[PDB]
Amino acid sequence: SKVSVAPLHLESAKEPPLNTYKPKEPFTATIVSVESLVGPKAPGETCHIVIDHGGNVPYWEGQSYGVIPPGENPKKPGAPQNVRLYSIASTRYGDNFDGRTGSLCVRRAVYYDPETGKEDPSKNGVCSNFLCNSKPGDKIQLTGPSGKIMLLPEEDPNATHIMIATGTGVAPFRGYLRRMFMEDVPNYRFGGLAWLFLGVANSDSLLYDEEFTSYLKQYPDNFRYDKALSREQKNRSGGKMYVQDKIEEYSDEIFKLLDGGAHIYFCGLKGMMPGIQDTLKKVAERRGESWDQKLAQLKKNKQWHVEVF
């Protein structure tokens, strides 16, 4: 049932790779495919991009690639564009199970005049649209990989991993979960609990939903999956249903799991964290506990993993 992956020597490295390529001399990779992940009612396009790096830019799950879009620095004429980082959405073996490709999950950044709604492409995001406009065979300047915060702790193969995502923040967790449930990795047999919370605008904006629902069916005792559809569901107080409200619904069992040593991960909108904090704070305090002190402990114990942007 698990998918054969190759080559097994990608397991050999003792330490994550870091900054194998830097902006001064990037790696010229090649697009394999680009597809929309969303339906017509989504507020914007998010695309899945598969990139052939030829085995020249390996990474571990949870890392990022940098992309240098073409053109010159608009601020610094006679200079290349700055790097944009993207969370890698694939396992180290990639979507072709062969160790040659990695994938990105990219939301197009588009500008709309606040009053008239007139879109203005001159104010669109350069790199996000460059990527989702890409076609098979196009060349892309890759840097990295980078990142350590979102590496998956594998010391306990029966650990609990609580994953909190908004939008493209799902990307690392797609990689985690394929490694946990889909790929045949003899040196990592996951037997714990993986719990994905995902916040997106509506049903049409769901990302990789089919893949996650399949894990629910295959591994009902090791995978849980909750969704906050902000524009189709209301929280208990009449506002938009956000991931922190879903967390609140399970506040007692999330705290027990954290108390038990669970890892908790946050990726996506930086603006979600104050509400998640608020929500975790209330639970700690009703128990008689300082959240300030508890959060400090969770970080000291290396249980708290944040990459928001």
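Note that residue numbering follows the sequence shown and begins at 1.
Remark: stretch with higher mean C-alpha B factor among 177 to 185 and 234 to 242 is 234 to 242. The mean Cα B-factor in the deposited entry runs higher for 213 to 221 than for the other of 213 to 221 and 192 to 200. Of the candidates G167, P121, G102, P145, it is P121 whose Cα B-factor is highest according to the PDB record.
Across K281, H53, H263, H48, the entry's maximum B-factor at the CA atom is seen for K281. For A228, the recorded CA temperature factor ranks within the middle third of the chain's modelled residues. Ranked by C-alpha B-factor against the other modelled residues of its chain, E155 falls in the middle third. Among all modelled residues in this chain, the alpha-carbon of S251 has a temperature factor (C-alpha) in the middle third. Sort the chain's modelled residues by C-alpha temperature factor and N133 lands in the lowest third, per the entry. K76: CA B factor lies in the highest third for its chain, per the PDB record.
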